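**Student:** Following this message is one structure expressed as structure tokens.
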Amino acid sequence: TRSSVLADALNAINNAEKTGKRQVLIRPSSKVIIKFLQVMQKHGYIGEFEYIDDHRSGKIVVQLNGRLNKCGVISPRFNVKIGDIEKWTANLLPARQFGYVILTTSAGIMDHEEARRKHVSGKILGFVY
Amino acid sequence: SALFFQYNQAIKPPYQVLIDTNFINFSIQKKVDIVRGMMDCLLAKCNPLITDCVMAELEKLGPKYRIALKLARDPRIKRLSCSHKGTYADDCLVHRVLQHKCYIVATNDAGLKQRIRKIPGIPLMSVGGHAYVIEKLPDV
Amino acid sequence: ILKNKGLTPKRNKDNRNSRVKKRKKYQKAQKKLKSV
Amino acid sequence: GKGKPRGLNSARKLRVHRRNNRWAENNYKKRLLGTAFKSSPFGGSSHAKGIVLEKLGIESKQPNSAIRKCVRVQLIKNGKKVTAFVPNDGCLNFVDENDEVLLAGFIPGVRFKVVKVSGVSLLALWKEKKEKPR
Amino acid sequence: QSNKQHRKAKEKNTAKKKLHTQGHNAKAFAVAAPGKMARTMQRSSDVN
Amino acid sequence: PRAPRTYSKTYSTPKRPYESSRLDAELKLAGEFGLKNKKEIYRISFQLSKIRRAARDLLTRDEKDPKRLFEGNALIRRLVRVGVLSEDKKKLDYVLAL
RNA sequence: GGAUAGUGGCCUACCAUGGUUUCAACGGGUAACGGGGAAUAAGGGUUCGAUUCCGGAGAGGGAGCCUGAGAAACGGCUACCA
RNA sequence: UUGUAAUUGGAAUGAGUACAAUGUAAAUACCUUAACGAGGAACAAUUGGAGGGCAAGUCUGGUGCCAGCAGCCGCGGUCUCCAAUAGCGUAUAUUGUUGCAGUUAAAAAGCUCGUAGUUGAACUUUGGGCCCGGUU
RNA sequence: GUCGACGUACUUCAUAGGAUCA
Ligand SMILES: [Mg+2]
Ligand SMILES: [Mg+2]
Ligand SMILES: [Mg+2]
Ligand SMILES: [Mg+2]
Ligand SMILES: [Mg+2]
Ligand SMILES: [Mg+2]
Ligand SMILES: [Mg+2]
Ligand SMILES: [Mg+2]
Ligand SMILES: [Mg+2]
Ligand SMILES: [Mg+2]
Ligand SMILES: [Mg+2]
Ligand SMILES: [Mg+2]
Ligand SMILES: [Zn+2]
């Protein structure tokens with residue numbers, strides 16, 4: 001049974017990038033998925049994406065430009081303190097400034113650098129690099 | 001003149017270290033930063049150096065090794081020119097150390113390590129376990 | 001009987017002070033470098 | 001799934017599963033059950049006392065042979081008979097029948113060497129710094 | 001012709017099953033700090 | 001009973017004492033400076049390792065950090081005072097170059 | 001209600017049948033006094049802590065007391081066990 | 001221009017001894033200091049390891065004169081190097097949360113149901129227009 | 001009783017492959 005829709009979306013995006021497809025279909029959609037994709041969009045790893053409404057959970061179509069090396073979800077969503085962020089960046093990213101660790105903090109879903117600037121913390125959703 | 005028996009009395013901080021092609025793979029595999037990992041291992045500023053042979057060697061690798069190619073082109077990593085036709089990096093790396101005794105060799109190939117070992121006064125850096133290790137460097 | 005040193009090997013006087021021993025070793029090493 | 005629970009509230013299952021499995025190690029099992037000294041040559045001690053029964057290689061023609069340096073000793077703790085080495089035949093003169101000898105870990109099959117005889121170090125005797133009390 | 005060997009299913013007791021083959025459950029009777037037991041046991045043996 | 005008095009070891013054995021290059025380096029050092037034994041060289045190496053580890057840890061801290069500023073300034077002042085570090089090289093990077 | 005400096009099944013009389021437990025009770029083992037701390041480790045961890053400070057308990061083993069603000073005291077007392 | 005000195009010159013000093021003073025409750029010691037205190041500076045540094053060579057000598061074996069073991073012992077007669085260094089040697093002891101593996105060489109239960117336990121689709125204020133004061 | 005099963009502790013057998021040269 002479906003446990004994490006975000007995991008399914010990120011896996012579909014990774015597979016589509018691997019195969020060289022220029023665009024991918026993600027089903028079902030969600031607010032968390034849309035915010036994650038918006039973070040990736042802000043950092044340029046993905047292009048334009050369009051949400052299709054069918055009176056159900058919904059669907060998404062994402063344009064891919066081939067700039068994405070990897071995107072993943074960290075399940076379970078561990079509670080991350082401000083001190084503990086650097087540990088996660090060391091563990092998940094191939095280098096220090098290569099990629100981003102995305103957190104759902106009390107101020108929204110954001111990359112770890114924005115979290116450090118805003119001095120917030122929360123749970124960890126995944127990473128993109 | 002730079003060598004006292006087997007002790008090199010010229011290599012002093014900050015160190016100039018040649019990056020081998022395979023060194024980047026295991027640096028990525030072990031999630032070890034190039035610039036800081038060398039800083040931790042030696043407790044000194046390190047100037048990584050990438051030659052044309054290794055750089056051409058990386059580009060031939062393919063799309064799979066794009067990350068290594070991106071790291072190799074980081075602005076902090078200086079580039080070393082080559083005045084030789086052959087593109088084999090191992091032969092190039094052995095050549096440079098023979099000419100001038102100031103370079104650390106960062107690599108993980110068993111074969112290249114043995115050839116450098118026969119040359120006296122060449123510190124030989126490698127990545128193993130969780131971080132970098134330096135073998136023939138008394139100042140450590 | 002007093003010291004009771006027993007049977008011990010013959011040891012060069014240079015062993016009594018390490019500083020002198022290392023001084024001699026280093027100067028000998030320099031003379032060897034001049035040949036290398 | 002890697003075959004392990006990953007839920008955030010699954011600490012108990014991870015703890016209990018780990019505790020049951022640590023007993024698979026032989027190092028852990030020996031360490032907890034206090035059976036790590038069964039394999040030890042002296043049964044947990046670093047040195048053992050023994051009684052010199054006979055000098056087996058006393059008669060061997062070739063001097064300073066490996067056989068010449070062996071002495072058959074009876075372990076006092078359990079009475080089992082074992083073989084022990086002597087540093088050299090010169091030391092073998094000091095050792096004679098029916099003395100207490102302190103053995104330590106070391107011709108294959110000989111795993112013990114004599115370090116003291118009659119409460120005095122062999123090396124002290126060999127260096128002419130002490131006399132064997134009788 | 002050399003047929004391939006059939007690796008037999010284990011009938012020798014597993015490490016977790018050996019602990020119950022004796023009269024009692026060997027796991028229950030264990031010390032709290034085995035590190036102290038090893039250090040104390042060795043010193044006592046030398047004195048004995 | 002009276003309160004304990006602190007003590008500490010001023011030297012440590014190197015990771016691999018038997019490296020031939022290391023042996024030659026110690027020989028050269030002892031001969032040049034007339035050192036009595038390898039203990040003195042190990043002592044100076046231990047002090048230098050401590051200093052450089054402190055400098056590296058401070059460097060890991062973000063610039064303008066009050067701890068970095070205060071401790072780095074104190075360390076550089078000490079090194080300059082003893083004469084190891086020159087006046088013009090008053091930065092933590094040159095502390096790692098000692 | 002009694003007793004205690006005092007709350008309280010702490011004990012007594014009469015009443016109900018309750019209380020804990022697979023989120024591990026109860027029973028067993030402990031070379032189990034607890035902590036501040038020590039070592040190792042890159043990090044997670046693993047082990048050690050009778051032992052300079054804090055707190056607890058004991059004065060050969062059980063039991064019971066006088067005095068006193070304070071003791072179930074033991075360099076105080078009484079009995080029993082050795 | 002290298003190595004070796006029971007060769008040789010006169011300068012230095014504390015280990016120790018000791019007037020004294022200081023120290024201390026009184027003492028010892030430390031820090032001071034008259035006078036003594038150095039060539040084998042016998043004012044006699046140690047603990048381990050490696051490698052030799054010597055005989056009218058001893059033992060063992062055999063495709064002659066050799067090889068192995070080894071050699072404090074013979075006819076008379078009463079040695080070198082290496083490591084640490086006021087320290088050195090010997091013996092015993094010293095599982096994956098991050099992150100393990102399960103076709104063919106550890107380990108997937110014969111199968112299904114099922115309680116506890118762990119886990120469990122999406123959705124409910126989003127966006128827009130201004131003002132204020134901060135850093136770089 | 002040179003007894004059976006189990007537990008424990010050990011011992012042992014399975015290492016060469018390619019290239020060149022004679
Ligand atoms: Mg999967
Ligand atoms: Mg009642
Ligand atoms: Mg304890
Ligand atoms: Mg107890
Ligand atoms: Mg305690
Ligand atoms: Mg009491
Ligand atoms: Mg008593
Ligand atoms: Mg009492
Ligand atoms: Mg008493
Ligand atoms: Mg008392
Ligand atoms: Mg259920
Ligand atoms: Mg949900
Ligand atoms: Zn080149």
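If you're wondering about the labels, chains in the structure tokens are A, B, ... by order shown, residues count from 1 in each chain, ligands from 1 in order shown.
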Would you tabulate, counting only C-alpha atoms (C1' of nucleotides) and all ligand atoms, all residues of chain G that have an atom at most 10 Å from an atom of ligand 10, showing the closest pair of atoms and their distance in Å to one decimal, sorted by chain then ascending number, as a Markdown table?
**Tutor:**
```
| residue | atom | partner | partner_atom_place_in_ligand_line | distance |
| --- | --- | --- | --- | --- |
| G:59 | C1' | ligand 10 | 1 (Mg) | 8.0 |
| G:73 | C1' | ligand 10 | 1 (Mg) | 7.5 |
| G:74 | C1' | ligand 10 | 1 (Mg) | 7.7 |
| G:75 | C1' | ligand 10 | 1 (Mg) | 7.1 |
```
**Student:** Write out as an mmCIF file with N, CA, C and O atoms, in the first residue's frame all residues of segment 26-128 of chain B that backbone DSSP assigns to strand (DSSP E or B).
**Tutor:**
```
data_model
loop_
_atom_site.group_PDB
_atom_site.id
_atom_site.type_symbol
_atom_site.label_atom_id
_atom_site.label_comp_id
_atom_site.auth_asym_id
_atom_site.auth_seq_id
_atom_site.Cartn_x
_atom_site.Cartn_y
_atom_site.Cartn_z
ATOM 1 N N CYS B 46 46.244 22.776 1.847
ATOM 2 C CA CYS B 46 46.625 21.943 0.716
ATOM 3 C C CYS B 46 46.158 22.598 -0.572
ATOM 4 O O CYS B 46 45.044 23.124 -0.638
ATOM 5 N N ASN B 47 47.018 22.570 -1.590
ATOM 6 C CA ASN B 47 46.701 23.112 -2.901
ATOM 7 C C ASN B 47 46.493 21.956 -3.868
ATOM 8 O O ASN B 47 47.469 21.478 -4.466
ATOM 9 N N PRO B 48 45.273 21.458 -4.055
ATOM 10 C CA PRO B 48 45.075 20.366 -5.009
ATOM 11 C C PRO B 48 45.392 20.807 -6.427
ATOM 12 O O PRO B 48 45.167 21.958 -6.810
ATOM 13 N N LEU B 49 45.926 19.872 -7.210
ATOM 14 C CA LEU B 49 46.381 20.149 -8.564
ATOM 15 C C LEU B 49 45.903 19.043 -9.490
ATOM 16 O O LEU B 49 46.092 17.860 -9.195
ATOM 17 N N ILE B 50 45.291 19.429 -10.607
ATOM 18 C CA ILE B 50 44.767 18.494 -11.597
ATOM 19 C C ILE B 50 45.500 18.763 -12.905
ATOM 20 O O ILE B 50 45.508 19.899 -13.395
ATOM 21 N N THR B 51 46.113 17.724 -13.468
ATOM 22 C CA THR B 51 46.853 17.868 -14.713
ATOM 23 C C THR B 51 45.930 17.658 -15.911
ATOM 24 O O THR B 51 44.758 17.303 -15.777
ATOM 25 N N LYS B 78 43.558 24.098 -8.767
ATOM 26 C CA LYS B 78 44.363 24.654 -9.838
ATOM 27 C C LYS B 78 44.662 23.585 -10.882
ATOM 28 O O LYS B 78 44.587 22.383 -10.618
ATOM 29 N N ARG B 79 45.004 24.042 -12.082
ATOM 30 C CA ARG B 79 45.260 23.173 -13.221
ATOM 31 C C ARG B 79 46.740 23.200 -13.573
ATOM 32 O O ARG B 79 47.392 24.244 -13.478
ATOM 33 N N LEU B 80 47.265 22.046 -13.972
ATOM 34 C CA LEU B 80 48.652 21.900 -14.385
ATOM 35 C C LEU B 80 48.710 21.522 -15.855
ATOM 36 O O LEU B 80 48.063 20.559 -16.278
ATOM 37 N N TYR B 103 55.730 17.362 -4.616
ATOM 38 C CA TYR B 103 54.330 17.019 -4.800
ATOM 39 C C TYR B 103 53.942 15.815 -3.954
ATOM 40 O O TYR B 103 54.693 14.840 -3.855
ATOM 41 N N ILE B 104 52.762 15.893 -3.352
ATOM 42 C CA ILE B 104 52.095 14.736 -2.772
ATOM 43 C C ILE B 104 51.246 14.111 -3.863
ATOM 44 O O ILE B 104 50.649 14.824 -4.678
ATOM 45 N N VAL B 105 51.192 12.785 -3.899
ATOM 46 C CA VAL B 105 50.387 12.064 -4.877
ATOM 47 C C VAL B 105 49.193 11.461 -4.156
ATOM 48 O O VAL B 105 49.354 10.624 -3.261
ATOM 49 N N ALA B 106 47.996 11.883 -4.549
ATOM 50 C CA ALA B 106 46.749 11.392 -3.974
ATOM 51 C C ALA B 106 46.134 10.415 -4.967
ATOM 52 O O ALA B 106 45.657 10.818 -6.030
ATOM 53 N N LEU B 124 52.695 9.797 -0.300
ATOM 54 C CA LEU B 124 51.673 9.110 -1.075
ATOM 55 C C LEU B 124 50.383 9.091 -0.271
ATOM 56 O O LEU B 124 50.281 8.368 0.725
ATOM 57 N N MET B 125 49.403 9.874 -0.706
ATOM 58 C CA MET B 125 48.138 10.023 -0.005
ATOM 59 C C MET B 125 47.101 9.102 -0.630
ATOM 60 O O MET B 125 47.134 8.841 -1.835
ATOM 61 N N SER B 126 46.190 8.604 0.198
ATOM 62 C CA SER B 126 45.130 7.723 -0.254
ATOM 63 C C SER B 126 43.902 7.964 0.604
ATOM 64 O O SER B 126 43.981 8.537 1.694
ATOM 65 N N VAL B 127 42.754 7.520 0.102
ATOM 66 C CA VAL B 127 41.489 7.608 0.820
ATOM 67 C C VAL B 127 41.049 6.189 1.146
ATOM 68 O O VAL B 127 40.896 5.353 0.248
ATOM 69 N N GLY B 128 40.875 5.913 2.428
ATOM 70 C CA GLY B 128 40.457 4.598 2.871
ATOM 71 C C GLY B 128 39.698 4.705 4.173
ATOM 72 O O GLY B 128 39.934 5.605 4.982
#
```
**Student:** Would you write out, as a Markdown table, a table of all residues in chain G that have an atom no more than 8 Å from an atom of ligand 2, listing for each the closest atom pair and the distance in Å to one decimal, considering only C-alpha atoms (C1' of nucleotides) and all ligand atoms and ordering rows by chain and rising residue number?
**Tutor:**
```
| residue | atom | partner | partner_atom_place_in_ligand_line | distance |
| --- | --- | --- | --- | --- |
| G:9 | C1' | ligand 2 | 1 (Mg) | 7.6 |
| G:11 | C1' | ligand 2 | 1 (Mg) | 7.9 |
| G:12 | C1' | ligand 2 | 1 (Mg) | 6.0 |
| G:13 | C1' | ligand 2 | 1 (Mg) | 6.9 |
```
**Student:** At a cut-off of 9 Å, which residues of chain E touch chain I? Count only C-alpha atoms (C1' of nucleotides) and give the answer as a PyMOL selection string.
**Tutor:** chain E and resi 18+21-22
**Student:** Within 9 Å of ligand 5, counting only C-alpha atoms (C1' of nucleotides) and all ligand atoms, which protein or nucleic acid residues do you find, written as a VMD selection string?
**Tutor:** chain G and resid 33 to 35 49 to 51
**Student:** Distance limit 12 Å, atoms considered: only C-alpha atoms. Which chain D residues sit that close to chain E? Return them as an mmCIF file with N, CA and C atoms, in the first residue's frame.
**Tutor:**
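Contents of out.cif, as written:
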```
data_model
loop_
_atom_site.group_PDB
_atom_site.id
_atom_site.type_symbol
_atom_site.label_atom_id
_atom_site.label_comp_id
_atom_site.auth_asym_id
_atom_site.auth_seq_id
_atom_site.Cartn_x
_atom_site.Cartn_y
_atom_site.Cartn_z
ATOM 1 N N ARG D 19 19.281 -6.968 20.965
ATOM 2 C CA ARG D 19 19.709 -7.687 22.160
ATOM 3 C C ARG D 19 19.682 -9.191 21.942
ATOM 4 N N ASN D 20 18.641 -9.693 21.281
ATOM 5 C CA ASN D 20 18.560 -11.124 21.024
ATOM 6 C C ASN D 20 19.701 -11.587 20.130
ATOM 7 N N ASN D 21 20.138 -10.733 19.203
ATOM 8 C CA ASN D 21 21.099 -11.158 18.193
ATOM 9 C C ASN D 21 22.544 -11.042 18.660
ATOM 10 N N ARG D 22 22.837 -10.200 19.652
ATOM 11 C CA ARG D 22 24.216 -10.100 20.118
ATOM 12 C C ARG D 22 24.713 -11.420 20.686
ATOM 13 N N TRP D 23 23.807 -12.301 21.101
ATOM 14 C CA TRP D 23 24.211 -13.597 21.622
ATOM 15 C C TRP D 23 24.756 -14.523 20.546
ATOM 16 N N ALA D 24 24.625 -14.162 19.268
ATOM 17 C CA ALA D 24 25.199 -14.982 18.209
ATOM 18 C C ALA D 24 26.720 -14.901 18.199
ATOM 19 N N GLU D 25 27.280 -13.753 18.566
ATOM 20 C CA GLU D 25 28.729 -13.608 18.608
ATOM 21 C C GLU D 25 29.327 -14.566 19.625
ATOM 22 N N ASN D 26 30.451 -15.184 19.263
ATOM 23 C CA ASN D 26 31.194 -15.966 20.243
ATOM 24 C C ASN D 26 31.941 -15.056 21.209
ATOM 25 N N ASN D 27 32.415 -13.905 20.731
ATOM 26 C CA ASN D 27 33.105 -12.971 21.613
ATOM 27 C C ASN D 27 32.164 -12.441 22.685
ATOM 28 N N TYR D 28 30.937 -12.094 22.298
ATOM 29 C CA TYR D 28 29.961 -11.612 23.268
ATOM 30 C C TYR D 28 29.565 -12.712 24.241
ATOM 31 N N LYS D 29 29.259 -13.901 23.721
ATOM 32 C CA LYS D 29 28.807 -14.996 24.573
ATOM 33 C C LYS D 29 29.865 -15.354 25.606
ATOM 34 N N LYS D 30 31.120 -15.459 25.174
ATOM 35 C CA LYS D 30 32.201 -15.746 26.111
ATOM 36 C C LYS D 30 32.361 -14.618 27.119
ATOM 37 N N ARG D 31 32.277 -13.373 26.654
ATOM 38 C CA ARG D 31 32.501 -12.231 27.532
ATOM 39 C C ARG D 31 31.463 -12.168 28.645
ATOM 40 N N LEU D 32 30.195 -12.425 28.321
ATOM 41 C CA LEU D 32 29.138 -12.308 29.321
ATOM 42 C C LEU D 32 29.076 -13.533 30.224
ATOM 43 N N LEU D 33 29.202 -14.725 29.653
ATOM 44 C CA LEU D 33 29.090 -15.957 30.420
ATOM 45 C C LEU D 33 30.363 -16.301 31.180
ATOM 46 N N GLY D 34 31.427 -15.522 31.020
ATOM 47 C CA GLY D 34 32.657 -15.797 31.743
ATOM 48 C C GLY D 34 33.277 -17.128 31.383
ATOM 49 N N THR D 35 33.289 -17.470 30.096
ATOM 50 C CA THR D 35 33.913 -18.690 29.602
ATOM 51 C C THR D 35 35.076 -18.393 28.663
ATOM 52 N N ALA D 36 35.586 -17.162 28.679
ATOM 53 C CA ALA D 36 36.672 -16.775 27.791
ATOM 54 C C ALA D 36 38.020 -17.329 28.226
ATOM 55 N N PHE D 37 38.108 -17.931 29.411
ATOM 56 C CA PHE D 37 39.361 -18.461 29.926
ATOM 57 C C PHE D 37 39.471 -19.972 29.788
ATOM 58 N N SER D 40 42.186 -20.348 27.397
ATOM 59 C CA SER D 40 43.481 -19.855 27.836
ATOM 60 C C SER D 40 44.374 -21.030 28.233
ATOM 61 N N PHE D 42 46.561 -21.471 30.562
ATOM 62 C CA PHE D 42 46.664 -21.659 32.001
ATOM 63 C C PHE D 42 45.318 -21.570 32.707
ATOM 64 N N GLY D 43 44.217 -21.588 31.964
ATOM 65 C CA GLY D 43 42.907 -21.484 32.584
ATOM 66 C C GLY D 43 42.639 -20.149 33.245
ATOM 67 N N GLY D 44 42.996 -19.049 32.583
ATOM 68 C CA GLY D 44 42.707 -17.715 33.056
ATOM 69 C C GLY D 44 43.883 -16.985 33.667
ATOM 70 N N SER D 45 44.941 -17.694 34.037
ATOM 71 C CA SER D 45 46.114 -17.065 34.620
ATOM 72 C C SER D 45 47.120 -16.700 33.537
ATOM 73 N N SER D 46 47.995 -15.751 33.868
ATOM 74 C CA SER D 46 49.084 -15.403 32.964
ATOM 75 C C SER D 46 50.311 -16.274 33.198
ATOM 76 N N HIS D 47 50.469 -16.813 34.405
ATOM 77 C CA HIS D 47 51.572 -17.703 34.731
ATOM 78 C C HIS D 47 51.039 -18.869 35.549
ATOM 79 N N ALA D 48 51.774 -19.975 35.522
ATOM 80 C CA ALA D 48 51.397 -21.187 36.235
ATOM 81 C C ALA D 48 52.600 -21.745 36.977
ATOM 82 N N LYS D 49 52.341 -22.379 38.119
ATOM 83 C CA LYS D 49 53.380 -23.089 38.851
ATOM 84 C C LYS D 49 53.392 -24.551 38.431
ATOM 85 N N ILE D 76 50.683 -27.764 38.873
ATOM 86 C CA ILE D 76 50.229 -28.007 40.236
ATOM 87 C C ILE D 76 48.729 -27.785 40.351
ATOM 88 N N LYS D 77 48.176 -26.852 39.575
ATOM 89 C CA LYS D 77 46.775 -26.485 39.754
ATOM 90 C C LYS D 77 45.848 -27.662 39.490
ATOM 91 N N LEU D 102 57.848 -21.527 37.653
ATOM 92 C CA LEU D 102 56.810 -20.646 37.144
ATOM 93 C C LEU D 102 56.875 -20.650 35.625
ATOM 94 N N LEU D 103 55.780 -21.045 34.989
ATOM 95 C CA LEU D 103 55.714 -21.179 33.543
ATOM 96 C C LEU D 103 55.003 -19.980 32.941
ATOM 97 N N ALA D 104 55.345 -19.668 31.697
ATOM 98 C CA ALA D 104 54.693 -18.615 30.938
ATOM 99 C C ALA D 104 54.499 -19.092 29.508
#
```
**Student:** So that each row is one residue of chain G with an atom at most 12 Å from chain E, can you give its shortest atom pair and the distance in Å to one decimal, using only C-alpha atoms (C1' of nucleotides), rows by chain and rising number, as JSON lines?
**Tutor:**
```
{"residue": "G:27", "atom": "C1'", "partner": "E:28", "partner_atom": "CA", "distance": 11.9}
{"residue": "G:28", "atom": "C1'", "partner": "E:28", "partner_atom": "CA", "distance": 7.4}
{"residue": "G:29", "atom": "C1'", "partner": "E:29", "partner_atom": "CA", "distance": 4.4}
{"residue": "G:30", "atom": "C1'", "partner": "E:31", "partner_atom": "CA", "distance": 4.6}
{"residue": "G:31", "atom": "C1'", "partner": "E:37", "partner_atom": "CA", "distance": 4.5}
{"residue": "G:32", "atom": "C1'", "partner": "E:32", "partner_atom": "CA", "distance": 6.8}
{"residue": "G:46", "atom": "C1'", "partner": "E:35", "partner_atom": "CA", "distance": 11.1}
{"residue": "G:47", "atom": "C1'", "partner": "E:35", "partner_atom": "CA", "distance": 7.1}
{"residue": "G:48", "atom": "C1'", "partner": "E:35", "partner_atom": "CA", "distance": 7.4}
{"residue": "G:49", "atom": "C1'", "partner": "E:36", "partner_atom": "CA", "distance": 10.7}
{"residue": "G:50", "atom": "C1'", "partner": "E:36", "partner_atom": "CA", "distance": 11.8}
```
**Student:** Keeping only C-alpha atoms (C1' of nucleotides), write those residues as a PDB file, in the first residue's frame.
**Tutor:**
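Listing of selection07.pdb after writing:
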```
ATOM      1  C1'   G G  27      10.171 -14.647  39.011  1.00  0.00           C
ATOM      2  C1'   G G  28      15.609 -15.430  38.180  1.00  0.00           C
ATOM      3  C1'   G G  29      21.060 -13.643  37.367  1.00  0.00           C
ATOM      4  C1'   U G  30      24.306  -9.784  38.598  1.00  0.00           C
ATOM      5  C1'   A G  31      32.486 -10.364  39.629  1.00  0.00           C
ATOM      6  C1'   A G  32      24.882  -4.194  40.901  1.00  0.00           C
ATOM      7  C1'   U G  46      31.183   0.332  23.464  1.00  0.00           C
ATOM      8  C1'   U G  47      33.261  -0.240  28.037  1.00  0.00           C
ATOM      9  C1'   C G  48      35.034   1.294  32.973  1.00  0.00           C
ATOM     10  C1'   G G  49      33.489   4.220  37.776  1.00  0.00           C
ATOM     11  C1'   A G  50      35.629   0.183  45.621  1.00  0.00           C
TER      12        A G  50
END
```
